[PDB]
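Chemist: Structure file run10.pdb (PDB, C-alpha atoms) right here:
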ATOM      1  CA  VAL A   1      97.811 -32.386   7.783  1.00  0.00           C
ATOM      2  CA  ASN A   2      98.077 -30.994  11.311  1.00  0.00           C
ATOM      3  CA  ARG A   3      95.170 -28.609  10.689  1.00  0.00           C
ATOM      4  CA  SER A   4      93.087 -31.577   9.536  1.00  0.00           C
ATOM      5  CA  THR A   5      94.064 -33.524  12.669  1.00  0.00           C
ATOM      6  CA  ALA A   6      93.023 -30.596  14.877  1.00  0.00           C
ATOM      7  CA  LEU A   7      89.682 -30.419  13.069  1.00  0.00           C
ATOM      8  CA  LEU A   8      89.311 -34.189  13.488  1.00  0.00           C
ATOM      9  CA  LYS A   9      89.885 -34.100  17.252  1.00  0.00           C
ATOM     10  CA  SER A  10      87.599 -31.083  17.710  1.00  0.00           C
ATOM     11  CA  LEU A  11      84.872 -32.851  15.730  1.00  0.00           C
ATOM     12  CA  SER A  12      85.413 -36.002  17.811  1.00  0.00           C
ATOM     13  CA  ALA A  13      84.784 -33.919  20.935  1.00  0.00           C
ATOM     14  CA  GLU A  14      81.680 -32.567  19.197  1.00  0.00           C
ATOM     15  CA  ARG A  15      80.638 -36.169  18.494  1.00  0.00           C
ATOM     16  CA  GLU A  16      81.046 -36.961  22.198  1.00  0.00           C
ATOM     17  CA  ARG A  17      78.756 -34.012  22.951  1.00  0.00           C
ATOM     18  CA  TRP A  18      76.265 -35.436  20.448  1.00  0.00           C
ATOM     19  CA  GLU A  19      76.469 -38.831  22.162  1.00  0.00           C
ATOM     20  CA  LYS A  20      75.772 -37.377  25.611  1.00  0.00           C
ATOM     21  CA  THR A  21      72.868 -35.320  24.236  1.00  0.00           C
ATOM     22  CA  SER A  22      71.442 -38.437  22.579  1.00  0.00           C
ATOM     23  CA  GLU A  23      71.841 -40.395  25.825  1.00  0.00           C
ATOM     24  CA  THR A  24      69.948 -37.846  27.917  1.00  0.00           C
ATOM     25  CA  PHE A  25      67.290 -37.514  25.208  1.00  0.00           C
ATOM     26  CA  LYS A  26      66.825 -41.295  25.199  1.00  0.00           C
ATOM     27  CA  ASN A  27      66.431 -41.076  28.981  1.00  0.00           C
ATOM     28  CA  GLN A  28      63.663 -38.508  28.468  1.00  0.00           C
ATOM     29  CA  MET A  29      62.070 -40.598  25.697  1.00  0.00           C
ATOM     30  CA  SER A  30      62.073 -43.547  28.096  1.00  0.00           C
ATOM     31  CA  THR A  31      60.459 -41.627  30.964  1.00  0.00           C
ATOM     32  CA  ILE A  32      57.867 -39.802  28.822  1.00  0.00           C
TER      33      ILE A  32
END
Take the structure I supplied and represent it as structure tokens, if you would.

Modeler:
Amino acid sequence: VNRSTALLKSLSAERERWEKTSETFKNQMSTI
């Protein structure tokens, strides 16, 4: 299941990227 664990951690990093994108987009939605 090591391949699955690697996919899981890569997708968690992707989720962190999604969170930061959502945070900056909420900043823009607040300042609009």

Chemist: What does the structure give for the distance between CA of residue 30 (chain A) and CA of residue 12 (chain A), in Å to one decimal?

Modeler: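 Separation of CA of residue 30 (chain A) and CA of residue 12 (chain A): 26.6 Å.
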
Chemist: For the atom pair CA of residue 10 (chain A) and CA of residue 28 (chain A), what is the interatomic distance in Å to one decimal place?

Modeler: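 Straight-line distance from CA of residue 10 (chain A) to CA of residue 28 (chain A) works out to 27.3 Å.
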
Chemist: Give the padded box for region 5-8 of chain A as JSON: axis-aligned, covering all atoms listed in the file, 6 Å on each side, centre and edge lengths in Å to one decimal.

Modeler:
{"center_x": 91.7, "center_y": -32.3, "center_z": 13.8, "size_x": 16.8, "size_y": 15.8, "size_z": 14.2}

Chemist: Quick one: pull the distance between CA of residue 24 (chain A) and CA of residue 5 (chain A), Å, one decimal.

Modeler: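 Value for the CA of residue 24 (chain A)-CA of residue 5 (chain A) distance: 28.9 Å.
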
Chemist: Please rebuild region 17-30 of chain A with N, CA, C and O atoms and return the result as a short mmCIF file (atom, residue, chain, number, x, y, z; two decimals), keeping the file's coordinate frame.

Modeler:
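Generated output (result.cif):
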data_model
loop_
_atom_site.label_atom_id
_atom_site.label_comp_id
_atom_site.auth_asym_id
_atom_site.auth_seq_id
_atom_site.Cartn_x
_atom_site.Cartn_y
_atom_site.Cartn_z
N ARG A 17 79.87 -34.85 22.51
CA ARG A 17 78.76 -34.01 22.95
C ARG A 17 77.44 -34.51 22.36
O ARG A 17 76.41 -34.56 23.05
N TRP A 18 77.46 -34.87 21.08
CA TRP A 18 76.26 -35.44 20.45
C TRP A 18 75.83 -36.72 21.14
O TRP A 18 74.64 -36.96 21.33
N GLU A 19 76.80 -37.58 21.49
CA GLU A 19 76.47 -38.83 22.16
C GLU A 19 75.83 -38.59 23.52
O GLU A 19 74.84 -39.25 23.88
N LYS A 20 76.36 -37.65 24.30
CA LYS A 20 75.77 -37.38 25.61
C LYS A 20 74.38 -36.76 25.47
O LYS A 20 73.47 -37.09 26.25
N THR A 21 74.19 -35.88 24.48
CA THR A 21 72.87 -35.32 24.24
C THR A 21 71.88 -36.41 23.84
O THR A 21 70.74 -36.43 24.32
N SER A 22 72.31 -37.33 22.97
CA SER A 22 71.44 -38.44 22.58
C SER A 22 71.11 -39.33 23.77
O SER A 22 69.99 -39.82 23.89
N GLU A 23 72.09 -39.56 24.65
CA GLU A 23 71.84 -40.40 25.82
C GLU A 23 70.79 -39.77 26.74
O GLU A 23 69.84 -40.44 27.16
N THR A 24 70.94 -38.48 27.05
CA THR A 24 69.95 -37.85 27.92
C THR A 24 68.59 -37.74 27.23
O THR A 24 67.54 -37.86 27.89
N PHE A 25 68.57 -37.57 25.91
CA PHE A 25 67.29 -37.51 25.21
C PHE A 25 66.62 -38.88 25.14
O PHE A 25 65.39 -38.96 25.17
N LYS A 26 67.40 -39.96 25.07
CA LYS A 26 66.82 -41.30 25.20
C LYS A 26 66.30 -41.54 26.61
O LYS A 26 65.28 -42.21 26.77
N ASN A 27 66.97 -40.99 27.62
CA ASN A 27 66.43 -41.08 28.98
C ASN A 27 65.06 -40.41 29.05
O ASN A 27 64.10 -40.97 29.59
N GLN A 28 64.95 -39.20 28.48
CA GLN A 28 63.66 -38.51 28.47
C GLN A 28 62.61 -39.26 27.66
O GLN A 28 61.45 -39.33 28.06
N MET A 29 63.00 -39.82 26.51
CA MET A 29 62.07 -40.60 25.70
C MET A 29 61.62 -41.86 26.43
O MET A 29 60.52 -42.37 26.19
N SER A 30 62.47 -42.38 27.31
CA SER A 30 62.07 -43.55 28.10
C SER A 30 61.10 -43.17 29.21
O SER A 30 60.16 -43.91 29.49
#
